[PDB]
Amino acid sequence: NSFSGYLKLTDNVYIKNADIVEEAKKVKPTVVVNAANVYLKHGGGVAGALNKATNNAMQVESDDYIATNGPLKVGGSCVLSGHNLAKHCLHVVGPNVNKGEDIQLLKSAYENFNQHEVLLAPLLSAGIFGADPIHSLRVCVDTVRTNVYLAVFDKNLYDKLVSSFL
Ligand SMILES: O=C(O)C1=C(c2ccc3ncsc3c2)CCC1
């Protein structure tokens, strides 16, 4: 949990312009959050990047989880191994608003972070999920009460978030 170069947004939310995969390799946090889907198929975005950094070990493990437990629900989560990136990976499903999934579920997705004291995480429902990233940061700030270190890869997006926030 040796986080460096973050800007403190609120008492418990920090932000950095960084690749979450590289942050995970440097820090080796207790928990890294994955922006997952209900079947834990890590095909792109943060999910594909995190899976790729474990050389597909996260996917093989996720397939076994789904066969034994069934899919997650939108707004839900599960804890699996963090492999070489972290002690644990908290897979969290935010709503895919481009597929008509309710934005009210973005609050439920962020509530999952509260079961862990410190997390390294991406913004939820950003990218292909289609939610407004600045709105996603507002829900995170209103909902998360534990210590969250947000990593945002795209510098144009990071700059828009920091500008809107401070
Ligand atoms: O820039 C980001 O914060 C965002 C994404 C992303 C995509 C690929 C990727 N590979 C390594 S870190 C990473 C983040 C998807 C949407 C938001």
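As recorded in the PDB header, X-ray crystallography is the method behind this entry, and the stated resolution is 1.4810 Å.

Enquirer: Can you walk me through the site of the ligand in this structure?
Expert: Within the structure, the ligand sits among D19, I20, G45, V46, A49, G127, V152, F153 and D154. A distance of 3.0 Å is found between an oxygen atom of the ligand and a backbone nitrogen or oxygen belonging to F153. For the ligand, the accessible surface in isolation is 400 Å², of which the surrounding protein chains cover 74%. Broken down by class, the residue content of the shell around the ligand amounts to 5 nonpolar, 2 polar and 2 charged.

Enquirer: I'm lost on the nonpolar core in this one. Help?
Expert: The nonpolar side chains of soluble globular proteins are, as a tendency, buried together. Of all hydrophobic cores here, the largest spans 27 residues; its most connected members are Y110, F113 and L150. Not counting chain neighbours up to four residues away, the residues in contact with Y110 comprise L123, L124, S136, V139, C140, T143 and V144. Membership of the second largest hydrophobic core comes to 17 residues, among which are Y6, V27, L85 and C89.

Enquirer: Would you mind showing me how to read helix 1 (residues 20–27) here?
Expert: Residues three or four positions apart in an α-helix share a direction because the helix packs 3.6 residues into each turn. Within helix 1, the full set of buried residues consists of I20, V21, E23, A24 and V27. Buried residues of helix 1, viewed axially, fall in a sector of 160 degrees; they line one side. Where the residues of helix 1 are buried, they touch strand 2 (13–17), strand 3 (31–36), helix 2 (45–53), strand 6 (118–121) and strand 7 (147–152). Backbone geometry just after helix 1 places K28 at a positive phi near 50 degrees.

Enquirer: What is the right way to look at the environment of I66 in this model?
Expert: Residue placement: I66 occurs in helix 3 (residues 57–69). The contact partners of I66, leaving out residues within four places of it in the chain, are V38, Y39, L40 and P71.

Enquirer: Got a minute to help me understand the packing of helix 5 (residues 133–143) against helix 6 (residues 155–165) in this structure?
Expert: When two helices pack together, their arrangement is given by the angle between the helix axes and by the axis-to-axis distance. Taken N-terminus to C-terminus, the directions of helix 5 and helix 6 make an angle of 55 degrees; their axes are 10 Å apart at the nearest point. By the angle between their directions, the pair helix 5 and helix 6 is classed as oblique. Here the hand of the crossing between helix 5 and helix 6 comes out right-handed. Judged by residue contacts, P133, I134, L137, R138 and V141 of helix 5 engage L157, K160, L161, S164 and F165 from helix 6. Split by residue class, the contact of helix 5 with helix 6 holds 7 nonpolar, 1 polar and 2 charged.

Enquirer: Explain unusual backbone geometry to me, please; I cannot follow it from the model alone.
Expert: Generally, phi is negative for residues other than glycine and the peptide bonds are trans, each holding for most cases. Even without being a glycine, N55 presents a positive backbone phi close to 55 degrees. Even without being a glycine, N56 presents a positive backbone phi close to 75 degrees. Along the chain, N56 falls in the loop between helix 2 and helix 3. For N56, a relative accessible area of 37% puts it in the partly exposed group.

Enquirer: Hey, could you run me through the packing of aromatic side chains in this one?
Expert: To describe a pair of aromatic rings, one takes the distance between the centres and the angle between the planes. Within the structure shown, the criterion is met by 5 aromatic pairs. Seen from their ring centres, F3 and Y6 are 5.5 Å apart, and the 85 degrees between their planes marks the pair as edge-to-face. Its relative accessible area of 17% is what places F3 among the buried residues. Residue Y6 is classed as buried on the basis of its relative accessible area, which comes to 16%. Connected via pairs of aromatic rings, a cluster forms that spans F3, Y6, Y14 and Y149.

So, how was this worked out
- Residues numbered from 1 in each chain as written, not as in the entry; some residues may be left out.
- Heavy atoms only, no water.
- Near = heavy atom within 4 Å.
- Polar contact = N/O pair within 3.5 Å; in protein donor to acceptor, adjacent residues only side chain to side chain.
- Areas by Shrake-Rupley, 256 points an atom, 1.4 Å probe, with all protein chains shown as cover.
- Nonpolar A, V, L, I, M, F, W, Y, C, P; charged D, E, K, R; others polar.
- Core = buried A, V, L, I, M, F, W, Y, C linked by side-chain atoms within 4.5 Å.
- Buried < 20%, exposed > 50% of the residue type's maximum accessible area, 1.4 Å probe, protein only.
- Contact = heavy atoms within 4.5 Å.
- Helix = DSSP H or I, 4+ residues; strand = E, 2+ residues; numbered from the N terminus.
- Arc of directions from axis to C-beta.
- Axes fitted to C-alpha atoms, helices over the stretch in contact; angles between N-to-C directions.
- Parallel < 35°, antiparallel > 145°, perpendicular 65-115°, else oblique.
- Left-handed = near helix turned anticlockwise from the far one by under 90°.
- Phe/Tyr/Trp six-rings, centres within 6.5 Å; stacked < 30°, edge-to-face > 60°.

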